[PDB]
Amino acid sequence: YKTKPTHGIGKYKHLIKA
Amino acid sequence: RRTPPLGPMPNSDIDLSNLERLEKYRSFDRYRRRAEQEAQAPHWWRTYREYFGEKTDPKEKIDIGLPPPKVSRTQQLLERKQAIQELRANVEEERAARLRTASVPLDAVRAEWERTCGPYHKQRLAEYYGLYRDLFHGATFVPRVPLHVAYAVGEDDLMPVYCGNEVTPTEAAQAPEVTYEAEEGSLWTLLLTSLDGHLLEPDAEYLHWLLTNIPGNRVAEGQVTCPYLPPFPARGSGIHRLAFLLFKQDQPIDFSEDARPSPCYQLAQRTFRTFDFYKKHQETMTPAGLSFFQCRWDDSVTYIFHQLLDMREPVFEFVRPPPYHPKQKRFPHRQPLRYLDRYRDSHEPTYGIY
Amino acid sequence: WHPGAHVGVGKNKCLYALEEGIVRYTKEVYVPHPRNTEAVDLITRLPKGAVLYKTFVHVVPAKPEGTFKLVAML
Amino acid sequence: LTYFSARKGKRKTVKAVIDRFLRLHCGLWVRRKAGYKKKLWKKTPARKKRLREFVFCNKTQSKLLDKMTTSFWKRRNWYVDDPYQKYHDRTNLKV
Amino acid sequence: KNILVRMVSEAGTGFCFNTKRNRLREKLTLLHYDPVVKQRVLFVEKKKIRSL
Amino acid sequence: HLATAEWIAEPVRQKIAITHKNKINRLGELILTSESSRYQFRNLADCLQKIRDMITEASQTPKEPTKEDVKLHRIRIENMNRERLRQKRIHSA
Amino acid sequence: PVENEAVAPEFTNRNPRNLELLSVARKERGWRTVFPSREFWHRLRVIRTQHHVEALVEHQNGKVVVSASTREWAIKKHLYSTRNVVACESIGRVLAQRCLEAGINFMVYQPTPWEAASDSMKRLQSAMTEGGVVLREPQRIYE
Amino acid sequence: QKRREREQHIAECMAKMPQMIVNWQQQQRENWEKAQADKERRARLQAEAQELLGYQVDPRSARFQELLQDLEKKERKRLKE
Amino acid sequence: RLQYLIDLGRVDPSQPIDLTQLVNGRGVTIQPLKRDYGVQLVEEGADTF
RNA sequence: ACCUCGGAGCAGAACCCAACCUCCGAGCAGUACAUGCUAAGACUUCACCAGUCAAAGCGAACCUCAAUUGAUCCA
Ligand SMILES: [Mg+2]
Ligand SMILES: [Mg+2]
């Protein structure tokens, strides 16, 4: 969720620049 | 509304800039291995392991067993190196390896396993089967000395009890042959108990064998404080685990408060508990041997109940919870006509007042 | 949300329960099937310290599958 | 709906209701699904299976159909080999 | 473009089923399950009635 | 009491005792029960039909047992991998 | 009356193997979008290191029951080229023996496509089957 | 009598069915081979080409294939009579 | 219900029992209109009969 | 000018949410012919009608897609 400490854990397109 | 993470984020450690200079996961297997080795890390968020049945594992368990034998690892590694070099010296072995034909003396490798590394695998198998949980109440031990028990049913063939074998009471009708290496200054207690099979009490155990003060390998000379009784798993019950524990005592200990009558065919008399036995005889002996097997109902169990326990045989049955249905509505809107069938008891015609 | 323990997925990506229990939401490491080409190439385009960590739903079953009752005394 | 008829002064019944619905003596009305035999070539087997079902009606629909039918259609019938004989009574229903 | 045709089995007679077929393609002979004989038998297209 | 049942022939009696040994009480009597209906008439009818079916099935021994692989496949594989462990030279009793 | 006939009409079987061997135990169905599948009772997991080959049979909950590794001295002292195909066949045969001694003979094996095409793994599962272990464990009863 | 007639018709239809099946599978195999052979012929006849796309090289190959089919049909007619 | 009728001094087993006897004892009410074709015998009280 | 259906915003984080508001689309297509039969438990476009998912089981090998659509009577 967006109000939780674990927000944004599934962020990967910042890793893959392609 | 935001909340800062309660610890390092999974992907924060790696650099975000200069991502061209970072080596990429060229394959699937390396990413897979990284993922599996990360899966067991202690994460600060909710995870599968937090919920799915680990019984709060991390806690030191009490070791009750012989100390490991002191070995000179330098000389042992040197000897192993000379052996592998000798193997290297031959060339027929290289021919066989390249020609895809290289069998092994599986007897030799199994014996080498028993002499060197058998105790560790035996202990892990025992803890997986829950022997320490159900016998020593959690305390662990490594069976240092290999033990060999084999049952006699006919003329030629084995039916051994390995680390988790399977034997029916037909093959366990009489006492098996037991062997193990011992020096002629040490007395031993052999014990056989069934973890599963107790009818009236769901935590007790049935004592099937108890020999005390075995003078080395002379198992025929140890006093019989409890005569051998074949296994008797119930008919509809599942599959039971019977275990032989082997202990060594420094000094001769004898006991009559534990001794059973000559027939001792009474289960109340054979109500046994390994933890209580170990607490009352804690000091004198120490466990060094362990073996076990599985037992499931066969036709010998019924005659065991016939003439040994002089009791009527119990039979069990694996039933399931009744199916769940919601509360019945007066108007089950859009439900099929068979909705009314989930709430009857008897599927036979009824005529109330007529 | 991705299916986890005792959570099935329907043809329209709906998540349903396979047992009777308590719903739990976790964040587990994501490893795609090697057949899934788009996901495996996305995986292989990642550097040495990257994991995906998708969100998963599990059901923790509440009752045992059954018990053993005395039926006859013969 | 002809609450009073010009011949006998009696309530009448809508015969479309009788042609389309079945009334169980407990008070439940059974109907067929709409479109259960129209364009089966564009429908999946699950959709057709749920369309072939005999389903129950709403409380509102049940009261409407009871108003639209006469008490003759609410009597207890004792047919010889009724396939809905066991459904005319309610069992294990609490309030 | 695509035409719905009726396919009738030989064994398990009387059982038919409708399938979509491209108009330009020849008549269909297909293996299909026949529930009145509880096994898969041949079905041959007959009496096309649709145009989609 | 199955043993003292003279109205059943000797070989069919022994065959029934062998093939329905899970229904023999301490005193040796065969036990058959029925719960299909709520009428004791129908329940007794089902019990009698069970008795007749057992008698006329054990009488005709050349029946061919159809293979099943739902519950006994595991048992047979376990028994095979068990018998695989039988190899010394000497032992008795 | 006979006091010995006190039976406690509910029976408790504490064996963690009883339900699974009865085949009525519950497999962890699902996950249905990730690899590998968790719907099994015991899995055969092969780690293929550069210097060594090891294989394990573990329950779903995580604990391993049997394993054969070329690191183990008993077979290391004998075999040649601890990374070889013949080495992995020896591993398969010895772990087949020790798993039969453990009493486990039903378990699943989930390879990647290239691992399943690997001749080492093909001969490995062949060594398993001729050792007497059947893969593709049976299905649940009243699943 | 009608029921027994239908039953006996169904019982003959089953044999007929087994018999034909293998025939339909062999026809499937043969027509698949024929289609693949036609594809191989089409792809073979377009190897001798200079430039650029299938606007002129393809029409020449199609004309050659049509002439080959006509020659084969004439040979078949001669063989028949 | 037939046993109850017999026990309560109603229709007498000492004579043949038919539709008219059942109606005169008032154990069943038959409606010729509304398409009733008589009495059907059911096994509700098969035992204790 | 529009009237039916779907995706995005408005409507930022359960659901819902108007406009003769801003933008895209649809009225098909492709592949098997178990696209068989049954059956717990659920969702649901704020009603209904429609619509959606699905365990187990019986059989038999060992489904893509977003919309892609039309009730009753009657023929
Ligand atoms: Mg709704
Ligand atoms: Mg299914």
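Note: hydrogens, waters and symmetry copies are ignored here, and every other heavy atom, side chains too, is used. Lettering of chains follows the sequences in order, A, B, ..., and the numbering in each one begins at 1.
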What do the steps show when you test F:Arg82 against F:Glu78 for salt bridge (charged side-chain N to carboxylate O under 4.0 Å, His left out), and what is the final call?
CA-CA 6 Å; F:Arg82 221 204 222 194; F:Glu78 293 181 351; over 6 Å; no
Just checking, any donor-acceptor pair under 3.5 angstrom between side chains of B:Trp113 and G:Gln97?
no
Which pair of non-hydrogen atoms, one from G:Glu137 and one from G:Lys27, has the smallest distance, and what is that distance?
OE2-CE, 3.6 Å
For B:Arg260 and B:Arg270, indicate whether the former's side chain and the latter's backbone hold a donor-acceptor pair under 3.5 Å.
no
Is G:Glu5 reaching over with its side chain to a backbone N or O of B:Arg312, donor-acceptor style, under 3.5 angstrom?
yes
Less than 4.5 Å apart, any side-chain heavy atom of F:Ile24 and any of C:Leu74?
no
Donor-acceptor pair, distance only, cut-off 3.5 Å: does the side chain of B:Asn213 make one with the backbone of B:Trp188?
no
Flag the pair B:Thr212 / B:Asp254 as yes when at least one side-chain heavy-atom distance between them is below 4.5 Å, and no otherwise.
no
State yes or no: are the ring centers of B:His121 and B:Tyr162 separated by less than 6.0 Å?
no
Gap between atom CE of B:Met285 and atom CG of B:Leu245 - 0.5 Å precision:
10.5 Å
G:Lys63/G:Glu58 ion pair, N-O < 4.0 Å
no
Residues G:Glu101 and G:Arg98 bridged, charged N to O under 4.0 Å
no
Check the surroundings of atom NE2 in F:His73: do more than 12 heavy atoms from other residues, nucleotides or ligands lie under 6.0 Å from it?
no
In this structure, are over 12 heavy atoms from other groups packed under 6.0 Å from F:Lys71 atom NZ?
no
Check this for me: does any side-chain nitrogen of one of F:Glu68 and F:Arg76 sit under 4.0 Å from a carboxylate oxygen of the other?
no
Using 30° and 60° as the class boundaries, would you call the ring planes of B:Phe141 and B:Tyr132 parallel, tilted or perpendicular?
perpendicular
Above 12 or not: heavy atoms from other molecules or residues under 6.0 Å from CZ of F:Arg52?
yes
Under 3.5 Å donor-acceptor, G:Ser23 side chain and G:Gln139 backbone:
yes
What's the separation between atom CD1 in F:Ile8 and atom CD in F:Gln14, rounded to the nearest 0.5 Å?
11.5 Å
Can you give me the closest heavy-atom contact between F:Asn81 and G:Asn105, atom names plus distance?
ND2-CB, 3.3 Å
Does C:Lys63 have more than 12 heavy atoms from other residues, nucleotides or ligands lying within 6.0 Å of its NZ?
no
Beyond-backbone contact of F:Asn79 with F:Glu83, side-chain heavy atoms, under 4.5 angstrom:
no
Shortest non-hydrogen contact from B:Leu187 to B:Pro215?
CD2-CA, 4.2 Å
Distance from F:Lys15 atom NZ to F:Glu57 atom CD, nearest 0.5 Å?
10.0 Å
More than 12 non-hydrogen atoms from neighbouring residues, nucleotides or ligands closer than 6.0 Å to CG on B:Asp276, yes or no?
yes
Above 12 or not: heavy atoms from other molecules or residues under 6.0 Å from CD1 of F:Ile18?
no
Contact check, side chains of B:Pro231 and B:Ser194, non-hydrogen atoms, under 4.5 Å
no
Please give me the minimum heavy-atom distance between F:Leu27 and F:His1, naming the atom from each residue.
O-NE2, 2.8 Å
Looking at B:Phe293, is its backbone amide N or carbonyl O close enough to the side chain of B:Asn165 to form a donor-acceptor pair, meaning the two atoms are under 3.5 Å apart?
no
Quick one: CG on B:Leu246 to CG on B:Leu192, what's the gap to the nearest 0.5 Å?
12.5 Å
Is the distance between the ring centroids of B:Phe255 and B:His281 under 6.0 Å?
yes
Determine yes or no for a side-chain-to-main-chain donor-acceptor pair under 3.5 angstrom, with G:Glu10 supplying the side chain and C:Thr67 the backbone.
no
Hey, does the side chain of B:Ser300 reach the backbone of B:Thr170 with a donor-acceptor pair shorter than 3.5 angstrom?
yes
Check whether the side chains of B:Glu127 and B:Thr140 place a donor and an acceptor atom closer than 3.5 Å, and report yes or no.
no
Could you go through B:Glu177 and F:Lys88, starting from their C-alpha distance and side-chain angles, then the distance that decides it, and tell me whether this counts as salt bridge (charged side-chain N to carboxylate O under 4.0 Å, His left out)?
CA-CA 13 Å; B:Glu177 45 250 77; F:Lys88 41 212 92 64; 5.0 Å; no
Between B:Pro230 and B:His208, the two heavy atoms sitting closest are O-NE2, 3.5 Å
Filter on salt bridge (charged side-chain N to carboxylate O under 4.0 Å, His left out), then keep only pairs touching residues 144-156 of chain B, sequence neighbours left out; what's left?
none
Mind checking whether B:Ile239 and G:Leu22 have side chains closer than 4.5 Å, heavy atoms only?
yes
Will you find, in the side chains of B:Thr302 and B:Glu313, an N or O donor that is under 3.5 Å from an N or O acceptor?
yes
Counting C-beta onward and ignoring hydrogens, is there a side-chain heavy-atom pair between B:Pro287 and B:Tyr278 closer than 4.5 Å?
yes
Those residues that, when tested against B:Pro314, pass side-chain contact (heavy atoms from CB on, under 4.5 Å) (two or more places apart)
B:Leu199, B:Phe305, C:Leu70, C:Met73, G:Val7
Taking the side chain as every heavy atom from C-beta outward, state whether B:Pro160 and B:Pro176 have any atom pair closer than 4.5 Å.
no
Hey, could you give me the SG/CG distance between B:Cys264 and B:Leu229, rounded to the nearest 0.5 Å?
7.5 Å
Would you say the side chain of B:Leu195 lies within less than 4.5 Å of the side chain of B:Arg241, judging by non-hydrogen atoms?
yes
Please check: side-chain N/O of B:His198 versus main-chain N/O of B:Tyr206, any donor-acceptor pairing under 3.5 Å?
no
Using 30° and 60° as the class boundaries, would you call the ring planes of G:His59 and G:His42 parallel, tilted or perpendicular?
tilted
Please step through side-chain contact (heavy atoms from CB on, under 4.5 Å) for the pair B:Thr193 and B:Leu135, ending with a clear verdict.
CA-CA 10 Å; B:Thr193 86; B:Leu135 293 169; 4.1 Å; yes
